[PDB]
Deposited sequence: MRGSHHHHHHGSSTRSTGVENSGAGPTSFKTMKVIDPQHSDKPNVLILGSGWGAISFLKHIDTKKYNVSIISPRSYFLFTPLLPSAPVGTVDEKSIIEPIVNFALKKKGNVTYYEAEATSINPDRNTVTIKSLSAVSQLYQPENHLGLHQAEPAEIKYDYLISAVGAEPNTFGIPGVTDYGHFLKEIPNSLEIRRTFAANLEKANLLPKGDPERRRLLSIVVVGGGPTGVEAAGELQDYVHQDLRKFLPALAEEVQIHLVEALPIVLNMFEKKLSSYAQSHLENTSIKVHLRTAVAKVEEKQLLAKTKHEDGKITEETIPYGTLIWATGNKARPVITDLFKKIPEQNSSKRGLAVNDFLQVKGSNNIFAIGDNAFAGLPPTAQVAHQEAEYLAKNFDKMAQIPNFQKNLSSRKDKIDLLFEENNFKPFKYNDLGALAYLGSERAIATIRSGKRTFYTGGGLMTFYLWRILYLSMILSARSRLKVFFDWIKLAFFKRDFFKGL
């Protein structure tokens, strides 16, 4: 009621006169922005429930131990230490963006790290909600896996999005292999347990299926060859082709290689419902006929793209110019959230027609941090900010599509490297796989992680993958 004692702790740092920049998230957008932001001019704070950066492109190779989970992650604090200014990291979850009081509500607070010598005691307690005040908000919370309303995918499948997904996939499949080996050959249960279904025909599903097939063919086969021969990996894609962002002939090369490695590819197929031990697939053939197949499965990996998070969809309702948003926050040429003077959005929580990739998020981040370099030289910056951008002739953000890669298992990849209308590489094969490796190694954001991936690959040359069920 009106007599409520409601009191939310509000953190509002006003020692210095540097503007307070608040970043939400710890992934491609947030970390890249962090790497470039000038902490000599701004006070930076980061809210994220994940204390590390995740190098996503190598995640599909983590479940089978091609790389280790720890090798592809890097603690926020390690990026923060390399900054000259003051950085604070709230290990917490942003639950509400409050644009009219310039505040972000946080919950599930585990920790706060102030990487500066005269720490001020904030008076926060774990699992007590709070609000962090901001002069500028940079929203990069990303997006979450989409089930498209299909029943059972959450309960019975595994997403391929975060590190614990990698661990669950390994655990489920390892357990399945153990039960299966106890069953006699020809048992359909054994066949089911050794059966893997990967939904999603983009590079993530494809690499996931390729890495799994690699594990089975190169490592499992060495000690349980009979069991290795019976595993069946399915790749299920709703479109007529896989890897539809590549040249159609590279897609065809890819499907053939996949099929040659023994992966069964179902095109024009969508999953209608998922039950504990089987799922229902429907194929929409080119003529127009529709068939149904019931597919027994031991392990289901759901790799089919994302949707806006609740904190973002709630924000849609609170900003008039944003009510009609569906896939992400609508931003202007300068990456300002529309209907806001104060809030910027980069990465997959923003939608501007570009593809939802790290490549985009990383360029957005670099561009935005550079704009913060310029705003810091123009005293009028600290609701006229959209006009200030044009008045000072800031350039709109301009995405340079640099291409795409996909590893296919058994040491084959496809790749198209470009810039502008200039194509520098486009093909597939053995040497494209070496390129896949060198390039991905190059794109890792931290020396440490880069060393670890390198060491993992070296160990892969001499020894089998580590595939521990509980470690």
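Coordinate gaps, deposited numbering: Gaps in the modelled chain, taken against the deposited sequence, lie at 1 to 24, 407 to 413.
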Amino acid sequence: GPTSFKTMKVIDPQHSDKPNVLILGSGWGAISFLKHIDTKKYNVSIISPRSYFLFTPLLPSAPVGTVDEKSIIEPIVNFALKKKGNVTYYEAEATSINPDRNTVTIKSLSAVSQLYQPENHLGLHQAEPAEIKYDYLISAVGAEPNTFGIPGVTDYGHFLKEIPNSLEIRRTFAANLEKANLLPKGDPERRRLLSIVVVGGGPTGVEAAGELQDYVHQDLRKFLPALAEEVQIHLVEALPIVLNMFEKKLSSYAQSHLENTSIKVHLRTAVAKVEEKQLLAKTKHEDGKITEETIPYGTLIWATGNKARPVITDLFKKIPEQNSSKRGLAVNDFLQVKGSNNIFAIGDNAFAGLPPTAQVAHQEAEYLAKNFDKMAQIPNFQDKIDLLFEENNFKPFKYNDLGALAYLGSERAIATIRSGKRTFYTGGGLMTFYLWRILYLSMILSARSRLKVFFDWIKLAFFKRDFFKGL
From here on, numbers count along this sequence of modelled residues.
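Only the largest set of C-alpha atoms that superpose within 1.5 Å between the two forms is called the rigid core.
In 7 other deposited structures of this protein, rigid core aligned: more displaced of 74 to 82 and 287 to 295 by C-alpha RMS: It is 287 to 295 whose C-alphas lie farther from the shown form in 7 other deposited structures of this protein.
RMS Cα shift after core superposition in 7 other deposited structures of this protein, winner of 278 to 286 and 98 to 106: Output: 278 to 286, the stretch lying farther off on average in 7 other deposited structures of this protein.
Coordinates lacking for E178, a third or more of other entries: Across the compared entries, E178 is modelled every time.
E259 not built in a third or more of the other entries: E259: modelled in every other compared entry.
Higher-scoring stretch by recorded Cα B factor average, 210 to 218 or 393 to 401: The stretch with the larger mean CA B-factor is 393 to 401.
Segment of higher mean CA temperature factor, 422 to 430 or 24 to 32: Stretch with the greater average CA B-factor: 422 to 430.
Peak C-alpha temperature factor (PDB record), options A352, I76, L109, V311: Result of the comparison over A352, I76, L109, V311: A352.
Options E168, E131, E276, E93 - largest CA temperature factor per the record: Highest C-alpha B-factor among the listed options: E276.
Chain third (lowest, middle, highest) by recorded CA B-factor, residue given as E411: Its C-alpha B-factor, which the entry lists for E411, ranks in the middle third among residues of this chain.
Chain third (lowest, middle, highest) by recorded CA B-factor, residue given as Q126: Tercile = middle for this residue's CA B-factor.
Ranked against its chain, the third holding the CA B-factor of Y116: CA B-factor rank for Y116: highest third.
Record-listed C-alpha B factor of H257: chain third: For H257, the deposited C-alpha B-factor lands in the middle third.
Among modelled residues of the same chain, the CA temperature factor third for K459: It belongs to the middle third of the chain when residues are ordered by C-alpha B-factor.
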